[PDB]
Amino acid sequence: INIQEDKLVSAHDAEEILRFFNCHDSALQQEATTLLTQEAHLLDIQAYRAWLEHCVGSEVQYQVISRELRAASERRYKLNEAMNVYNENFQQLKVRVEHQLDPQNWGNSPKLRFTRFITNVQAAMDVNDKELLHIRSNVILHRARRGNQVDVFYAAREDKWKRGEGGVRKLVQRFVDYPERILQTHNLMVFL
């Protein structure tokens, strides 16, 4: 993509699309779909320890940002563009998992209900690191609790997955630029 002509497209977005338009490997797309479907199943049943063990690499960066609204024509104001809703290493994810599982987490009784919808899966091997798999996917995440609370999250995920212990592919980076600036879901206490 020429971002001087396609005026609304960011350099980052143009780079990411180049990644998937080039070598299409049908089998890799299927592998990626299975990996993500299984990850989502574990998360939906609140098997957070199993998720860490089976899905998350020791060197993970798990990051969800919220970008400040700036003018499309802005070129002078150069202060921190975004904040980190999540920016977690494995240890920090483990803290969040222990928080979910703690029997004095009062907000988890009665038990929450999660349902995840994963779509638009794309997969490509990294050119330079032949063991790094780029996976892009979109998620709709439905969280229901306490009779009449219903929160629905929508996001695109830019992931890198790599083979780890036992040759199991695990998440080493997830990046989400959350599309809604002001959350209308009470919080973002869900694993996208």
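From 1 onward, residues are counted along the sequence shown.
The mean C-alpha temperature factor is higher for 14 to 22 when 14 to 22 and 176 to 184 are set side by side. Between the stretches 29 to 37 and 143 to 151, it is 29 to 37 that shows the larger average CA temperature factor. Highest C-alpha temperature factor among 82, 72, 93, 112, as the PDB entry reports it: 72. Considering 44, 126, 68, 158 together, the PDB entry gives 126 the largest C-alpha B factor. In the PDB entry, residue 1 places in the highest third of its chain by CA B-factor.
When all modelled residues of the chain are sorted by CA temperature factor, residue 64 is found within the lowest third. Per-chain ranking of the deposited C-alpha B factor places residue 106 in the middle third.
Ranked against the other modelled residues of its chain, the C-alpha B-factor of residue 116 as given in the entry falls in the lowest third. In the deposited entry, the Cα temperature factor of residue 136 places it in the lowest third of its chain's modelled residues.
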